[PDB]
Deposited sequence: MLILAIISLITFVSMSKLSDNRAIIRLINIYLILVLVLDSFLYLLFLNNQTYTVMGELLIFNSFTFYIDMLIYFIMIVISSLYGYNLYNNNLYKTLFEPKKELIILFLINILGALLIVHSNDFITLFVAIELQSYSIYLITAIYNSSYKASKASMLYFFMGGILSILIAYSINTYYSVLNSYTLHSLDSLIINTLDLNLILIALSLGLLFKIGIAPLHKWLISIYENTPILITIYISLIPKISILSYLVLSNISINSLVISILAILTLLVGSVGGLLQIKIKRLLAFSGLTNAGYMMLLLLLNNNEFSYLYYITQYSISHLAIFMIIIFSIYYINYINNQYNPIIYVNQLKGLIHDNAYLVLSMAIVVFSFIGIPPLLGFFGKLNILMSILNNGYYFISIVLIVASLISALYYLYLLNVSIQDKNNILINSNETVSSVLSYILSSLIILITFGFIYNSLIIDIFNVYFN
């Protein structure tokens, strides 16, 4: 699978000695595409509908893990494309994000940790993988630090999370439902949920946007994919309260944001609250896979849209986060009308307007929670969707205003690869529903 690919890539980069830090990224991208093709062929030829255990009894490989691996393939190919190919061949976008060999090594380590989280069958492998991912996130954030308080807060958050994980490991080693519940909240706290999210939204706000596009997506996918695959907290009141509170905070608290990346972090919190409701349910593989795939596509699409929008502003706050406030996108329809159309498609998918993928994901979640006797959380989900739609429509309203300003550097060659990838994501969001019956049948036969 990808585990071998990641370790081979780490070995290659560790002893590469290449002067350019983007040629190695492009080689990594080509390798990832080739390994995706090879692994898909291998799975559909010799690994369909099987659950293998590799090494000892620590790493599991099943259909769920394979599909999460494909999702990581797709996201990682997109992110490597963003890293390798400068969107414009100008100084601004070159200084916007400059990868370094340490950064590639750290990203590969983080991806390996997330994969081990997904493929974990034993609590030892779990412990190791989560600590590896947390250390990778802390180091990646510490590489780019423009403030002292932010660095201290990130360090304290990582230390507290590690201490909590160590305490959970010691408690489970001493030995039952209480231990599993404590582990569940310990894992859930690391992706950002209502009573402890503030630090993660702060870190996302104070991070380079081309780092934020990664660090806001992979941990959620990994943790929620491990949690869903290993059903240990079902019909839990604690998870119910946490999910309801996370939805309420992400929706109502998202209305109070004027910074674009704070708003995106709160949207991610709300979307995690949506998926965290699926932990209360039986037979939640298809719904969770659908929602995580569509959410990953929408997250990548909106982050690419914001990155594209950087070229149409007459000033830059700082080289790492050129756009900070939402009003910097006022009248963006008069600079690139189709970029605003794509952003409208993405936000309407986030709201859950048919026939976009977000609507189908939310409908799957809602049907699952209704057909098993949960009615209050259905109303909670609907109200949260409306309140989130409020600030999504705010972003639209700001971005479709009137702007008469003349822009310096109006023309330059937009990267063909990045624009094509963004268009592909938008078209996926727009017309993936035509493949819904095929997806359902494929999941019924192969993944079950």
- Task: Enumerate the deposited-sequence segments absent from the coordinates, judged by C-alpha atoms, in order of position.
- Result: 176-196
